[PDB]
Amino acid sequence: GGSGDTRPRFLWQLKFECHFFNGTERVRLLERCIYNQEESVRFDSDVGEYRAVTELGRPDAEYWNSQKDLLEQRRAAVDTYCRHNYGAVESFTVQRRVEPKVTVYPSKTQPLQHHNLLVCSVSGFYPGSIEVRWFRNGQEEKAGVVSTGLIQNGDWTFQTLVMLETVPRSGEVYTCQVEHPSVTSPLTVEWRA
């Protein structure tokens, strides 16, 4: 932060996590209460009451668990909250599919030498599950491949770079192959050596 402030800070975080397995078929609710980055007390629908996570949360677990009307509202939340919200948003979240744009450009591991790195850029896709493969003359090259890994852009899209280190020879055809749930058949982009 700014303000030139040394004053001590105190933070309280609350998380209601709805975990879905095969859609709404199996649902688990975890309520986490967190003081200064340490979870202190938790409601787990697999249990049906609060449990203290640190001793600082013990008074709350004891007090809330004595209030059976509050427990019964939490115990129903897998239905009244988790399953409800799943149906409200599934069409634009669970079902969201955005096709990646794929480009290839040459690069260098050593700046003073020749192009020896083929970069497959795969950007703008959703969801994050993706498979990227490099081919040379129709045959996969698994050696010499490095990647950024999966990068979350913060705007419901992902990107990645997948790079192949190789010495291009005349006549070779290098092709990046991308598989993703948004497309029926793989996307391919070539680079001619």
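Position 1 is the first residue in the sequence shown; the rest follow in order.
According to the PDB record, 5-13 carries the higher mean C-alpha B-factor of the two stretches 5-13 and 181-189. For the pair 125-133 and 160-168, the record assigns the higher mean C-alpha temperature factor to 125-133. Note on the listed residues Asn85, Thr103, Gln113, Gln73: the highest Cα temperature factor in the record is that of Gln113. Comparing C-alpha B-factors across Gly138, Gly57, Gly144, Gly154 in the deposited entry, the largest value falls on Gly144. Annotation for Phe20: CA B-factor lies in the middle third of the chain's modelled residues.
Remark: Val89 belongs to the highest third of its chain, ranked by C-alpha B-factor as recorded.
Per the deposited record, the Cα B-factor of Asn36 falls in the lowest third when ranked against the other modelled residues of its chain.
When all modelled residues of the chain are sorted by CA temperature factor, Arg42 is found within the lowest third.
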